[PDB]
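# A closer look at the structure
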Amino acid sequence: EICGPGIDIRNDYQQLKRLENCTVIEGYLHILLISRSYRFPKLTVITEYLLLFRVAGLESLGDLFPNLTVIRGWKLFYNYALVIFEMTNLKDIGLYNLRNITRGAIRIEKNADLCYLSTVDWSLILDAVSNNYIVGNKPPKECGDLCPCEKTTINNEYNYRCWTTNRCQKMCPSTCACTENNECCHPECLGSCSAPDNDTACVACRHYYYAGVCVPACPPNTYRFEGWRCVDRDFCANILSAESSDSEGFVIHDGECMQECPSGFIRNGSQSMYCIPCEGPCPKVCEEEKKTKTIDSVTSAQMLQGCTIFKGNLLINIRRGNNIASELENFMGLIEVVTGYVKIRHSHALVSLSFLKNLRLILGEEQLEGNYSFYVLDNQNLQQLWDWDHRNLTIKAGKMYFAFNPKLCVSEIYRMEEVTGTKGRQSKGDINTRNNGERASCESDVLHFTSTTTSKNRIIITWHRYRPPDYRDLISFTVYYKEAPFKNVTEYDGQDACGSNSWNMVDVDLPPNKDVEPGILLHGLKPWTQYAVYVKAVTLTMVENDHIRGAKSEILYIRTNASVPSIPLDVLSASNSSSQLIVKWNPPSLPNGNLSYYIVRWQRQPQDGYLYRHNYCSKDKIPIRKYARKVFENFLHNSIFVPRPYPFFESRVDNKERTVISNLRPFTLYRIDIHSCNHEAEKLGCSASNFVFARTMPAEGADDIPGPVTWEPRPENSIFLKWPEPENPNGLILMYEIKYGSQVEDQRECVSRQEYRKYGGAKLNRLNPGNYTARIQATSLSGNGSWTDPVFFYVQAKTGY
Amino acid sequence: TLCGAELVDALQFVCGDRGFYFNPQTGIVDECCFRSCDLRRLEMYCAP
Amino acid sequence: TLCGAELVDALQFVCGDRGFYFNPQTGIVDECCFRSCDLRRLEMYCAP
Ligand SMILES: *[C@@H]1O[C@H](CO)[C@@H](O[C@@H]2O[C@H](CO)[C@@H](O[C@H]3O[C@H](CO)[C@@H](O[C@H]4O[C@H](CO)[C@@H](O)[C@H](O)[C@@H]4O)[C@H](O)[C@@H]3O)[C@H](O)[C@H]2NC(C)=O)[C@H](O)[C@H]1NC(C)=O
Ligand SMILES: *[C@@H]1O[C@H](CO)[C@@H](O[C@@H]2O[C@H](CO)[C@@H](O)[C@H](O)[C@H]2NC(C)=O)[C@H](O)[C@H]1NC(C)=O
Ligand SMILES: *[C@@H]1O[C@H](CO)[C@@H](O[C@@H]2O[C@H](CO)[C@@H](O)[C@H](O)[C@H]2NC(C)=O)[C@H](O)[C@H]1NC(C)=O
Ligand SMILES: *[C@@H]1O[C@H](CO)[C@@H](O)[C@H](O)[C@H]1NC(C)=O
Ligand SMILES: *[C@@H]1O[C@H](CO)[C@@H](O)[C@H](O)[C@H]1NC(C)=O
C-alpha cells in the first residue's frame, strides 16, 4: 500500500487515521499542530522527509511509527530529512527500528522534555552527521539518559546506545544490512530482513524496487519514478501534474519519469511522452484562453512577458501610455511566431513597431474578415514599421491593409511585402496613397556637418546653412544627441512626441547674420564617451505642398576628450603574514579613458607617541591593536500556514586590481594610497588617491626575552632581577611581569617599561629567606610573550660566609 | 508584530479548535512578522 | 561604518595637524554613519 504523493495531517488528532493502511509513504509527511493511542506498525519507509511540529500529547515517536526503518529523503525540507521542532510532551525519539537515512540531515529543536539524544549514534543511521542541528532540547545534564546492550565511540566518548527506556539501538555485526539477530541481508537490501539475503524479503530496498525485488537499475521496459521504485510506460501515461492552464502529463527521459522535461529539453510533437533536445534557448509558448489578446495598455502586455511563440491573435490598441518602446520590448521583444493575425488599430503612441524584434513569422490560422493577417488602421504617429533592412519577416497566409496612417511613408510598406512575400496578394484599396503618407516626409534633403570641437565635457558642432526649397518657408533646427556605447543606433527609439527614452533634443535657431553658420554647444557631458548626434530641420511651409521635403543629417559619432580618472572604489586590505599586505579594490566609477595600470603607494606610519609615556602597571586595561535559528522558523512558518481564499614607496600594478606588498616591518601601521591612471594620464596626470590603513601581522616570538635572566642580592632581603630587552618587539613592550615564589610562584611583580629603562631590570624587595624560582614575561602591543626559563635565586637568612 | 513561536501561539489561539487550512515563499512571516498585521488577517489562516 | 565618538576619532586621525574646515542638516552622520564612506570622503572634511 503506497500513499502519496504527500501526506499533511494537522489540526484534528483523529485525522492521523489516514495512515492505517500505508506501509510506504510516497513523498513527505506532516504531523503539525496536533492536540489517545494510535499505532501504525504498517509504515516502514518514507521517501522524502518527515516533519513534526507542535504535537501535544505525544510522548514518543515509537507510539506512532514503531517499524519506521528508512527515511530516504529524496526531497528535503530545507536540507533536512527529519524535523522535530517545538514538540511538547515528547520524551524520546522512539524510532527504535530506524536504520538508514539516505540523504539529508536532522534538525531536532525546542523540545524541553526530549531525552535520549546523545544515546543515539547518528553516525551509523545517516551520513552527513556534521550538518545536523540538535539545539534547544532538554539538556543531557538535566535529563537522565538511562538504558534498561552494545556501545561504541560517540565523539570522543564511549557509552551505551539506546533509543528509549525499553528498546536499545540495534546494530549489525562487523561481518556484514542484517536481520533481527546476526545474519547479513542481501546487498541490495536496506534496514531489516524478513528473511536473510533475499530480494523478496526486504523491509526497504536500496537503489530501486520493482515487483517485490530490490533491483539495482530498473528493468528494460520500466523507468525511474520518484526515487525508490520503477514503473512501466503506461503508468506515467496516466499521471497528471499539478493543475494549471499549461498542465500536461509526465515525461519519460533518461530512463526516468519526471514531471517536466529538464532544462535544455522540450516535449516532442505527437509522441508527447519523450523529450527532444532543443539546441537553442527552448521556447516558452504562451497560450491564452481569449481568442484575440488586446494590448490596450502596458499592463495588458505584461502577460506576454518572455513568450517565444504566441498561440493566438495580437490586437494592439495603445492610445496613451508611459515609456512604451522600452517597455513592450521587455515583454513582447521575445515573441518570434504569431499563429494568427496582428492588428495595430488606434495605436497613436506607437511611432515604430520595433518592440516586436524577434518576430520573424506570422502564420494565419485565423484572419480578419477579408483574409487579412496584418491590419493597421488610424495610427496618427506611426512613422515607421519594424521593417528596416536588418529584420526578417514572413507572413504565410493573409493580406495586408494600411489606412489612415499619415506619418507612415507609403514606400516603407512596399518594402515590407518584399520580405513579407505578399507583393501581388493585396487589392488596390488595401494600400492607398490618399490617407497614408499624408503628413509623411519621405524624400528629404541632407544636412551636412561642417566642424566639430571636443573637450572633456563640451562639444561644439556646426552644420551648413540650409536654404528651404521654398522662399517663404520658416526654417529652424533641432539637435538630437544621446550617449551611444556603440554605433548600432536607430533614429526611432521613443514613443509618440513624448518619448524621452533616449535622444536629447535642443532647438537652435538659424543665426541672423548669414556669414555665421548654425551650431550648438553641448554642456555637461561624460569625459571619454561616444555621443550620437544628428540635426533635423524644422521647415514650416506656408504653402502646404504635399510634396513634403524636409532636411535630415547623418548620424555623427563624437567622443569627448579624456580627463583625470576617478578614485579607485572600495579599497580593502588584509595581512596574511608578517612583512606582507594584500590589497584589493574595484575599478573607478568614471574611468574617463582606457584603463592602463594602477599606482599604489604605502607609507610607514609611526607608532603612537602617547603610548610611550604612561605607566601601564597602574592602568587596568592595556591597549591592544589588531592586524589585517530565526531564519529556519521563518521558513517553517512560511510553508505550514497557508491562508484560505616616513618615505613613500611606489609601485605600478599592470593589469589586475589586486597586489601584495612585500618587505614590511611586522606589526606596523601602513597608509595605502591607490591611484588609477589611464592612457592619457601621461599628460593629464593620474587620478587622486582612495587610501586605507592596515597593520601587518605580528612577528611571532619576537616580543619575548632574548636571553637568560640574572640575579644579584641587594640590601634588605632583596633580589635584583636583570634580563635583556627584546630587540625587535611587536610594536612596543609596554610592561613586564615577574612570577616568583618559594615552592609555587605565587607572588607576582609588575615592571613598567619606564622602570626597566632606568635599572635594566626589577628589584624584588624584602623577601623571606629560602629558595626561589622566577619567571618573566614581556607584554607587547600585539600581546604577551612567552615566559622565560625559571631562574633560581636564594635569600640567605643571615648574609654571611 | 508577531514573530516566531510568539506568532504560532497567537495562531493557535485565534483558530482554537477550528484548525488551520492547507492545500512563492512570501508567507505569513513576510506578512505578520515583517509588517504589522491585525487579527482579521490571522484568522484567514485558519480552517473553515 | 564610522559613527559617533568612533567617527570623530578617525576624523582627527585623517586630518591630523591639518585641522577641519568650517564656514540642510544632511551632514556627515547621514553620509559616513548612515552609509559606508571611504577615507577619501573623510579627508574632504578637513582643512586645506
Ligand atoms: C581633444 O582631443 C582630441 C583628440 O581626441 C584633439 O584632437 C587632436 O588635436 C591634435 C592637435 O590639435 C591634432 O593633431 C595631432 O596630430 C598631428 C599630426 O601628427 C600633430 O602635428 C605633428 O606635426 C607638427 C609639425 O608637422 C608637430 O609640430 C607636432 O608636434 C606633431 O608632431 C599634432 O601636434 C597632434 O599630435 C589631431 O589630429 C586631433 N585629433 C583628432 C582625432 O581630431 C583635440 O585637440 C583635443 N582638444 C582639447 C581642447 O583638448
Ligand atoms: C544508507 O544507504 C545508502 C544507499 O544508497 C547509502 O548511500 C551511499 O552513499 C555513498 C555516498 O554518497 C555512496 O558512495 C554509496 O554508493 C551509497 N550506497 C549505495 C548502495 O549506493 C548510505 O551510505 C547509507 N547510510 C548509512 C548510514 O548506512
Ligand atoms: C602569552 O601568555 C600565555 C599564558 O600566560 C601563553 O600561553 C601558554 O603557552 C604555553 C606554551 O609556551 C602553553 O603550554 C600554555 O598552555 C599556554 N597557556 C594559555 C593559558 O594559553 C602564550 O604563549 C603567551 N604568548 C606568546 C606569544 O607566547
Ligand atoms: C547593438 O548590438 C550589440 C550586439 O548585438 C548589442 O550588445 C547592443 O545592445 C546593441 N545596441 C542596443 C542599443 O541595443
Ligand atoms: C636550596 O636548594 C639547595 C640545592 O638544591 C639545597 O641544598 C638547599 O637545602 C635548599 N634550601 C636552602 C634553604 O638553601
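Residues numbered from 1 in each chain as written, not as in the entry; some residues may be left out. Chains lettered and ligands numbered in written order. Part of a larger assembly, values for the part shown. Heavy atoms only, no water. Residues with missing side-chain atoms left out of burial classes, pairs and counts.

### Some remarks on the overall build of chain B
Summing up its helical and strand segments, chain B has three helices and zero strands in all. Its C-alpha atoms give chain B principal-axis dimensions of about 25 × 25 × 20 Å. Scored against the burial criterion, the 48 residues of chain B give a buried share of 40%. Carbon and sulfur atoms make up 52% of the accessible area of chain B, which amounts to about 2,900 Å² in all. (Helix = DSSP H or I, 4+ residues; strand = E, 2+ residues; numbered from the N terminus. Buried < 20%, exposed > 50% of the residue type's maximum accessible area, 1.4 Å probe, protein only. Areas by Shrake-Rupley, 256 points an atom, 1.4 Å probe, with all protein chains shown as cover.)

### A look at the site of ligand 3
Residue and element names in this part refer to chain A. The local shell around ligand 3 consists of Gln777, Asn784, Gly785, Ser786 and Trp787. Between ligand 3 and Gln777, the relevant distance is 3.1 Å, taken from an oxygen atom to a side-chain nitrogen or oxygen of the residue. Interatomic distance of 2.3 Å between a side-chain N/O atom of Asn784 and an oxygen atom of ligand 3. Out of a free accessible area of 580 Å², ligand 3 has 28% covered by protein chains. Counted by class, the shell around ligand 3 contains one nonpolar, four polar and no charged residues. (Near = heavy atom within 4 Å. Polar contact = N/O pair within 3.5 Å; in protein donor to acceptor, adjacent residues only side chain to side chain. Nonpolar A, V, L, I, M, F, W, Y, C, P; charged D, E, K, R; others polar.)

### Some thoughts on a nonpolar patch on the surface
Together, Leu474, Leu540, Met542 and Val543 of chain A make up an exposed nonpolar region whose accessible area comes to about 390 Å². When you line up the elements, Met542 of chain A lands in the loop between β37 (530–540) and β38 (551–553). (Patch = residues over 30% accessible without salt bridge, like charges linked within 9 Å, V, L, I, M, F, W, Y side chains within 5 Å. Salt bridge = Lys/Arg side-chain N within 4 Å of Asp/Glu carboxyl O.)

### Structural notes on unusual backbone geometry
Residues and elements named next belong to chain A. Across the junction of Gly4 and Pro5, the peptide omega takes the value 0°, indicating a cis bond. Locating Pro5 in the fold gives a position in the loop between β1 (2–3) and β2 (7–10). The phi torsion at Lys110 lies on the positive side, around 60°, for a residue other than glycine. Among the structural elements, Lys110 can be located in the loop between β10 (105–109) and β11 (133–135). Of note in this structure, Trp528 is not a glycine but carries a positive phi near 55°.

### Quick word on the domain arrangement of chain A
It is common to give the size of an interface as the accessible area that goes away when the parts come together. Residue and element names in this part refer to chain A. Split into domains, chain A comes out as domain 1 (285–420) and domain 2 (445–560). Look at where the C-alpha atoms of domain 1 and domain 2 centre, and you get two points 31 Å apart. At the interface, 12 residues of domain 1 touch six residues of domain 2. Together, the buried faces of domain 1 and domain 2 total about 800 Å²; carbon and sulfur atoms form 50% of this surface. Viewed at the interface, domain 2 and domain 1 are joined by zero salt bridges. (Domains from an automatic or database assignment. Contact = heavy atoms within 4.5 Å. Buried area = accessible area lost by both parts, 1.4 Å probe.)

### Quick word on the interface of chain B and chain A
Listed as interface residues are 24 residues of chain B and, on the opposing side, 20 residues of chain A. When chain B packs against chain A, the two sides together hide about 2,000 Å² of surface, and 57% of this comes from carbon and sulfur. Taken as a group, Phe20, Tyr21 and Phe22 of chain B account for 30% of the area that chain B buries against chain A, more than any other trio of residues on that side. For the pair chain B and chain A, the number of links is two salt bridges. Close ionic contact of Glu43 of chain B with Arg644 of chain A constitutes a salt bridge, the shortest N to O distance being 2.7 Å. Inspection of the chain B/chain A interface yields 11 residue pairs in polar contact. The set of elements that each furnish at least two residues to the side of chain B that touches chain A consists of α1 (5–15) and α2 (29–33) of chain B. Residue contributions to the side of chain B that touches chain A peak at six residues, all from α1 of chain B. Broken down by class, the residue content of the side of chain B that touches chain A amounts to 14 nonpolar, six polar and four charged.

### Quick look at the UniProt feature "disulfide bond" in chain A
All names here are of chain A. For the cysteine pair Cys189 and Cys202, annotated in UniProt as disulfide-linked, the sulfur atoms lie 2.0 Å apart, consistent with the bond being present. Remark: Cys202 occurs in strand β15 (residues 202–205) and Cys189 occurs in strand β14 (residues 189–193); sequence separation between them is 13 residues. For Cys189, a relative accessible area of 0% gives the class buried. On the basis of relative accessible area, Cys202 is assigned to the buried category, the value being 18%. (Disulfide = S-S within 2.5 Å. UniProt positions renumbered as here; feature names shortened; annotations may be inferred.)

### Points about helix α1 (residues 5–15) of chain C
What sets the pattern is the α-helix's 3.6 residues per turn: residues three or four places apart point alike. All names here are of chain C. Within α1, the full set of buried residues consists of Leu7, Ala10, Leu11, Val14 and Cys15. Down the axis of α1, the sector holding all buried residues measures 125°, keeping them to one side. Among the exposed residues of α1, those pointing more than 90 degrees away from its buried face are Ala5, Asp9 and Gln12. On its buried face, α1 is in contact with α2 (29–33) and α3 (39–43). Among the residues trailing α1, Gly16 stands out with phi positive, at a value near 65°. (Arc of directions from axis to C-beta.)

### A word on the arrangement of the chains
Here two pairs of chains make contact, and the pair sharing the most contacts is chains A and B. These two, chain B and chain C, are apart from each other, with no contact and a minimum C-alpha gap of 22 Å.

### Brief notes about the pattern of salt bridges
Residue and element names in this part refer to chain A. A full pass over the atoms with the stated rule returns 34 salt bridges over all chains. A salt bridge links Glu491 to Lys552; the nearest nitrogen and oxygen atoms lie 3.4 Å apart. Of this pair, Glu491 sits in the loop between β34 (474–483) and β35 (504–506) while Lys552 is found in strand β38, placing the two residues 61 residues apart along the sequence. Take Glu491: its relative accessible area is 24%, and that puts it in the partly exposed class.

### Points about helix α3 (residues 410–420) of chain A
Residues and elements named next belong to chain A. For α3, the set of buried residues is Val410, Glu412, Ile413, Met416, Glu417 and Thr420. Within α3, the buried residues cover an arc of 150° as seen down the axis, which keeps them to one side. Residues of α3 that are buried make contact with β29 (372–377) and β30 (399–403). Downstream of α3 by one or two residues, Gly421 has phi in the positive range, about 85°.

### Quick look at the interface of chain A and chain C
Across the boundary between the two partners, chain A contributes eight residues, which contact six residues of chain C. For the pair chain A and chain C, the summed buried area comes to about 560 Å², and 76% of that belongs to carbon and sulfur atoms. The largest contributions to the chain A side of the interface with chain C come from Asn690, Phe691 and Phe693 of chain A, which together make up 63% of the buried area. On inspection of chain A and its partner chain C, the count reaches zero salt bridges. Taken together, the links from chain A to chain C amount to zero residue pairs in polar contact. Broken down by class, the residue content of the side of chain A that touches chain C amounts to six nonpolar, two polar and no charged.

### Concerning the pairing of strand β48 (residues 718–722) of chain A
Residues and elements named next belong to chain A. Counting buried positions over the five residues of β48 gives four, a clear majority of the element. Pairing analysis gives five bridges linking strand β47 (residues 710–714) to β48, with the strands arranged antiparallel. Each bridged residue has a counterpart across the sheet, and for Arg714 the counterpart in β48 is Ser718. Remark: three residues form the turn of the hairpin made by β47 and β48, two consecutive strands paired antiparallel; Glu716 in that turn has positive phi of roughly 60°. For β48 and strand β51 (residues 761–764), the ladder comprises four bridges, and the chain directions are antiparallel. For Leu721, the partnering residue across the bridge sits in β51 and is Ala762. (Pairing = 2+ DSSP bridges.)

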